[PDB]
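K.L.:
these chains are from a complex, not moved at all, and more is on the way:
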Amino acid sequence: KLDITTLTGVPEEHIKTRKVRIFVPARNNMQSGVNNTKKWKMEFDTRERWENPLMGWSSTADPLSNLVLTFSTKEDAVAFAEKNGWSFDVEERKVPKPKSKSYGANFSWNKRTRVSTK
Amino acid sequence: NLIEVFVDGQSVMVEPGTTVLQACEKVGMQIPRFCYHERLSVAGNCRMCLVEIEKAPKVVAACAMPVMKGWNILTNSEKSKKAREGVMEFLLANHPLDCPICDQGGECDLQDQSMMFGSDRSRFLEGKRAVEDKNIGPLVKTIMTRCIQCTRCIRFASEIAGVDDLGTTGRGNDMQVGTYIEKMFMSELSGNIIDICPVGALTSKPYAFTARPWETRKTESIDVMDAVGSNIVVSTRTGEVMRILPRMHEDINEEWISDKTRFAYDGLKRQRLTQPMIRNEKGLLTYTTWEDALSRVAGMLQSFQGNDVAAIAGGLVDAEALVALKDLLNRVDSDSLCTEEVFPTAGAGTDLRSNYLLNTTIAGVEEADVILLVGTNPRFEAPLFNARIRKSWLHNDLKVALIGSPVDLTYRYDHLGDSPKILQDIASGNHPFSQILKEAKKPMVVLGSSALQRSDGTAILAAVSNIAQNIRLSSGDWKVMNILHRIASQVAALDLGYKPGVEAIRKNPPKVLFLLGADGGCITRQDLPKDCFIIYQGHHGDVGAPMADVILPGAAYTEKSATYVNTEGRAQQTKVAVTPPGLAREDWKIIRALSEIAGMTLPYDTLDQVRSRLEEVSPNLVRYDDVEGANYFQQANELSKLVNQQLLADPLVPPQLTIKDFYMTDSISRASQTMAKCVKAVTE
Amino acid sequence: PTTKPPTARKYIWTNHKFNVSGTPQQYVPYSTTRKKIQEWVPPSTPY
Amino acid sequence: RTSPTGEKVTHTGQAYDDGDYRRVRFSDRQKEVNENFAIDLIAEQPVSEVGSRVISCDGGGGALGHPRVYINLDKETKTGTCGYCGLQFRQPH
Amino acid sequence: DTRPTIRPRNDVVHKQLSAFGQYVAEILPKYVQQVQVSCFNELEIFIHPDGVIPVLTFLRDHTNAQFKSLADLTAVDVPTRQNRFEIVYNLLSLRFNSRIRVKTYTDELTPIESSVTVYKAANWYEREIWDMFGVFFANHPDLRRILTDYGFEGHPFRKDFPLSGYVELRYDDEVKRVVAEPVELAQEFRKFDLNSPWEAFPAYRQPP
């Protein structure tokens, strides 16, 4: 098994305490486009983001707070997480169901699908 | 049955009646669209989905035109490109130059589709139109000059929301969408018209001007406002929750969330518990370190044992915290772990999971033909469940009958009455609806958990079980018995062996009460000994915090990775979006630290170890997004037959009767000012 | 500017100031937004 | 305006509280506060009257203003307000 | 298409590069895996990682391929592959006035033969590839850090390496020296989600 953890140079705190999530990003509900929901992505766990005293900017001590790796398939992401010794959490991809849509149902004769306005 | 069509020459097998747009989606082509939505009726008026069919002289509308066998769809042909460019030009001819000031900017379908399929300049040398804004409520900010008359909001209201208030007035270039009169679009699902609308015509008033989409960080989590367990996306920016958006889950909430789920995030920024508080010699709560408060609670735990120590689980508590508190109170040999929602303990009780679960599942509603609602208001207790019921009735002709107060469910039902004696009539076959239940090939009976809060809850449960058993005997593995919860923590507590109700605490008054975020006020200081020690562990100080001796600041559902089980027994895990404010910590961490200080150290130190402990108590709390099949209904019915209570003559009145009683239910909702504005608007 | 005067605006300073770094009139940065999360005020009445 | 501590308040309402250590940065120095609150300056502008039902404001100067927007003037109870400029317009009534 | 906005396409160079790619593939079938010619007239030859020295030496010495100048030598990190590191060789032929590309692959452990014997320029390029990505080049005269700090740990140009790193420097008055401490940022790098949800180029659509 690949154990490249000793070669990546990551400190121990960010190898064992981390919790990598492997998922396909959900579609932005504000848009009908689905081009972003095609590649598997890998992100770490959110950590403390305190307020900088001088300016109020959101400070952080998490070096891995902006890492978003994109993978073609779930298996590749799982393998990459196993390579670096990161506790991965895979979420199964959710694909919208095929839906039976009929424009003629808008004017049904004995059904509730009859619309009152167009 | 599969006919064969071609998308850009490539063969694809599609079902008869499939539209051109779905045929193109099968191969991976997403035809541009404004009016078409998967969950709304086909309109065909935006005309953006026009595509060229080979050998055909006219461009069809992919959103409406059904495919015919042998058709070759030329998605990227020159006719399609020119049609898309012309339609985009017509759409942008009268559109206002509000992009810098439009909140849809950066996440606007019209912008992206203009960039991808439209032209790069304008030939419109005339003056654009202007539309007077219409006020439709305190939530949806309306700038109607940006409307492209795609009629998504109208169809969504009329079908998913049942509110036939939105519509088009006038004709031609002067057609205007919105209510003709100055009326407020009041609905529990009104917030979704902000999402369906492609342009920034309808925008979230609380979210107005606060942030841009490209900078927000998206954290996928689970809603805890109701028991539906809707999947949501917490959009954070620089460590602050900016908005909440729905996340697609076909089996739970499809694409929608309730108004409370969408707009109650602002409650997380008010009246928060940030630092531990202990009571001084003046009887007033004063700030203190974790050391002092934990030492006090540990000493009080070491002093009393047995029934003298009790704990009341709240409404928004997580499974990990529940199991941690259970183990901690078992270390002092105390089984007084009580929830705030009363479930009938007599009989099978919280031993068989299917006894207290929506066994038919939310997605199962689309399969039923007859549904009986017993003493509940699903429009407010579980808005997404009510929406699913409405969808089933609209597309499957699902006969719905309600036993209770005649509330408006946004769909027509059969109001059998409001007396529990009708349950006996149905069970004994006297009521005509019993014959209808016999006729139904996949009947479904749903009992609201709010009805079980009555003193005769056990009798009501027994009557519903009798009806279900009569259906089972008289008429595959279709579950009939169902209980619709209203609390995000009830199911997990029942799975973790928590006693369903404060009856045990009333029976046995404790001296150490551990209020774990319990703001319901079921047990007060007057119902306890005059020297009871109360520790409140929560995020908002609403009710329990004032009547407590030590305050331990907890975390909210957006500030911790936590397991919540919805009304159908599907365990789901939230993800951390922001960190708890001030000195607040994760609940199970607080419990474990308290246990370590009190000597009785719990056998877990990390989240994974706590979830391993959850599996030891119940393995179903670690299998996320999995509705495990368990029927065990015959045993439950037989055990309920043992104790025969009496149905009271009181009518079945659900706690929520109007939209006013829906916005403010829990601590987060009550702390929210948006919910206060909504309540004021719907009352006045 | 004597020949072509600058356009007169009411918001334009009527007294130009040199670089005031190192003087008491220097610029000190600070946050301009209000406090985000409001803490809970405990009741003043005993139990 | 002035906060109770004696510290001038900005147009955003920000003012360090008396129980805030961050106010010490202003001890031997000043607090930079703009004295031209825009919200007060626009409300000072009069409401223009135009007989037409729809007008267009570019902020003045043409290309030196903002994107051109068209404002409806049908509501007699309120005045059409430019999204960028903030200028108000009213149809004579 | 045509007209000023579009970029003119030269078919002659495309044909010549395709012919030369076929030529190279025929001469070296043991290592050449794939040959491509991009629409903007750039030739790429894909070579099995054992073919670094043979193919490069052929492209340097062959009378019909005098790529005597090593234009560039870089690596591309694609963490979605078994061999994430993709080593790219850019060559220049002053005799025929053309350029060619050679692409191989390697893991985080499998070494690559050093092309110093072929091109003397490959020395520092391979040192930089090792420093930035972690790829080890066997039979290299002197492989060590070239761009990172002397006591630096980790290979930064990897896709999984954080942008801000893990450690930061400052001067401490107690120890009278510059000291490395875990990185803490006054303001966090605001990650932007910019990709549009709509497909931009239909010609690159991957199969479902």
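P.N.:
Arrived safely, thanks for sending. Numbers count the residues shown, from 1 in each chain, chains lettered A, B, ... in the order given.
K.L.:
indicate the residue of chain D located nearest to chain A.
P.N.:
Nearest to chain A, among the residues of chain D, is residue D:22, at 6.5 Å (C-beta to the nearest C-beta). Every residue, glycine included, has its C-beta placed from N, CA and C.
K.L.:
how much space between the closest residue to that residue other than its chain neighbours and chain B?
P.N.:
Nearest residue to residue D:22, sequence neighbours excluded (C-beta to C-beta, 6 or more residues apart in numbering or on different chains): residue D:16, at 5.5 Å. Residue D:16 sits 19 Å away from chain B, going by C-beta to the nearest C-beta, to the nearest Å.
K.L.:
near chain B, which residues of chain E show up?
P.N.:
Chain E comes close to chain B at residues E:188, E:190-194, E:196-200, E:202, E:205-208, as judged by C-beta under 8 Å from any C-beta of the partner chain.
K.L.:
now the residues you listed: which count as buried?
P.N.:
Among the residues of chain E next to chain B, the ones that count as buried by 16 or more other C-beta atoms under 10 Å in any protein chain shown are E:188, E:193, E:196-199, E:205.
K.L.:
now do the SS call for the residue in chain D that chain B sits nearest to.
P.N.:
Of all residues in chain D, residue D:67 sits closest to chain B, at 3.6 Å by C-beta to the nearest C-beta. Of the three states, residue D:67 takes coil under DSSP: H, G, I helix; E, B strand; the rest coil.
K.L.:
and the residue lying closest to it once chain neighbours are set aside, what does it touch?
P.N.:
Leaving aside its chain neighbours, residue D:67 sits nearest to residue B:97 (3.6 Å; criterion: C-beta to C-beta, 6+ apart). Neighbouring residues of residue B:97 by C-beta atoms under 8 Å, 6 or more residues apart in numbering or on different chains: D:67-69.
K.L.:
and residue E:148, by the same measure?
P.N.:
E:131-132, E:156.
K.L.:
tally of neighbours for the residue of chain D closest to chain B?
P.N.:
By the measure other C-beta atoms under 10 Å in any protein chain shown, the count of residues near residue D:67 is 14.
K.L.:
mind adding chain F? sequence follows:
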Amino acid sequence: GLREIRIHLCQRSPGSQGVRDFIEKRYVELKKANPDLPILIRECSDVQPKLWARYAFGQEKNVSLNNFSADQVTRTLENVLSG
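P.N.:
Adding chain F to what we have so far:
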């Protein structure tokens, strides 16, 4: 001394058929005999069935039920119920 009883059985696993039959037949009798003792029936997935018994002061013991029979489950529970 006993406080609660937890029985974990997988839905379709052949090694839990005995536990499934026991729950189908004798669970009602067990609950009738012991009214106030929670027999928590949860479900496993592709793992050996187990019987958990929590005693006083948070002391829990587990007994494997893999490839058992309803008679053996009854015997084990009787041993747990009494001693």
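K.L.:
since we added chain F, can you redo the neighbour count of residue D:67?
P.N.:
Neighbours of residue D:67 using other C-beta under 10 Å come to 14.
K.L.:
wait, what's in contact with it?
P.N.:
Taking C-beta under 8 Å, 6+ apart as the test, what residue D:67 contacts is B:97-100, D:58, D:84.
K.L.:
okay, those in JSON lines with secondary structure next?
P.N.:
Shown next, in JSON lines, are these (three-state DSSP):
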{"residue": "B:97", "secondary structure": "coil"}
{"residue": "B:98", "secondary structure": "coil"}
{"residue": "B:99", "secondary structure": "coil"}
{"residue": "B:100", "secondary structure": "coil"}
{"residue": "D:58", "secondary structure": "coil"}
{"residue": "D:84", "secondary structure": "coil"}
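K.L.:
tell me the one of the residues you listed nearest residue F:64?
P.N.:
residue B:99 (65.8 Å; C-beta to C-beta).
K.L.:
for residue B:214, see how far away the closest residue to that closest one other than its chain neighbours is.
P.N.:
Of all residues not flanking residue B:99 in the chain, residue B:105 sits nearest, at 5.2 Å (C-beta to C-beta, 6+ apart). When C-beta to C-beta, to the nearest Å is applied, the distance between residue B:105 and residue B:214 equals 9 Å.
K.L.:
what about the strands in chain A?
P.N.:
Assigned by DSSP state E, chain A shows strands spanning A:20-23, A:40-43, A:68-71, A:88-90.
K.L.:
same deal with chain F?
P.N.:
Counting by DSSP E, the strands of chain F are F:2-8, F:39-42, F:50-55, F:59-64.
K.L.:
closest to residue B:167 out of the ones you listed?
P.N.:
strand F:39-42 (51.4 Å).
K.L.:
list phi and psi for the closest residue to residue B:584 other than its chain neighbours.
P.N.:
Leaving aside its chain neighbours, residue B:584 sits nearest to residue B:553 (3.7 Å; criterion: C-beta to C-beta, 6+ apart). In terms of degrees, to the nearest 10, the main-chain angles of residue B:553 are phi -70, psi 120.
K.L.:
burial of the residue in chain A positioned nearest to chain C, as a residue count?
P.N.:
Residue nearest to chain C within chain A: residue A:56 (3.2 Å; C-beta to the nearest C-beta). Residues near residue A:56, counting by other C-beta under 10 Å, number 19.
K.L.:
also put chain G in, sequence below:
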Amino acid sequence: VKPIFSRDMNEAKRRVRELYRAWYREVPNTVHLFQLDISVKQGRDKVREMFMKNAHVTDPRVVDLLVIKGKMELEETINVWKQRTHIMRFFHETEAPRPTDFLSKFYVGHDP
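P.N.:
Placed with the earlier chains, chain G looks like this:
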């Protein structure tokens, strides 16, 4: 898979021992040349500590790569390419001790 320098862990362990001898015999020079304010034992213990961190490694390819990086670190120390700041970075001094106890972590912050 093709090896880097050794085909067996025993062969890989041989190179580790060779590196340790070079590191062990270099520490007295490192303290002398860099004018460190530590003892020879501290440096030699530090070398042992850094070697013991990579003691769980079992893949010979990773072992070879660690030795390759180990030789590179030694060359910088021998050639005085490193400075006193670089050498003393192993001895974390300005870093405050971070407790590993749960209750200590609970008191400090939200660190998991």
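K.L.:
and the neighbour count of residue A:56, now that chain G is part of it?
P.N.:
19.
K.L.:
surely it touches residue C:34?
P.N.:
No: in this structure, residue A:56 is not within contact of residue C:34 by C-beta atoms under 8 Å, at 10.0 Å.
K.L.:
in chain F, what residue lies closest to chain A?
P.N.:
Closest point on chain F to chain A, by C-beta to the nearest C-beta, is residue F:45, at 15.1 Å.
K.L.:
that residue: how many residues sit nearby?
P.N.:
15.
K.L.:
for chain E, what's the nearest residue on chain B?
P.N.:
Closest point on chain B to chain E, by C-beta to the nearest C-beta, is residue B:28, at 4.2 Å.
K.L.:
give me the distance between the longest helix anywhere in chain F and the centre of its chain.
P.N.:
Across chain F, the longest stretch assigned as helix under DSSP state H is helix F:70-82. Relative to the mean C-alpha coordinate of its chain, helix F:70-82 is positioned 8 Å out (C-alpha atoms, centre = their mean, to the nearest Å).
K.L.:
now residue B:4: how far from residue B:72?
P.N.:
11 Å.
K.L.:
for the two, indicate the residue with more neighbours.
P.N.:
residue B:72 (16 against 12).
K.L.:
wait, the more buried one sits on residue B:11?
P.N.:
No: at 9.7 Å, residue B:72 does not count as touching residue B:11 under the criterion of C-beta under 8 Å.
K.L.:
just name whatever secondary elements the longest helix of chain F is in contact with.
P.N.:
strand F:2-8, helix F:17-25, strand F:50-55 (3 or more C-beta pairs under 8 Å, 6 or more residues apart in numbering or on different chains; DSSP states H and E).
K.L.:
for those, give me a markdown table that also has mean neighbour count.
P.N.:
Conversion of the helices and strands packed on helix F:70-82 to a markdown table gives the following (neighbours: other C-beta atoms under 10 Å in any protein chain shown):
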| stretch | mean neighbour count |
| --- | --- |
| strand F:2-8 | 20 |
| helix F:17-25 | 19 |
| strand F:50-55 | 19 |
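K.L.:
so for chain C, which of the ones you listed sits nearest?
P.N.:
strand F:2-8 (33.5 Å).
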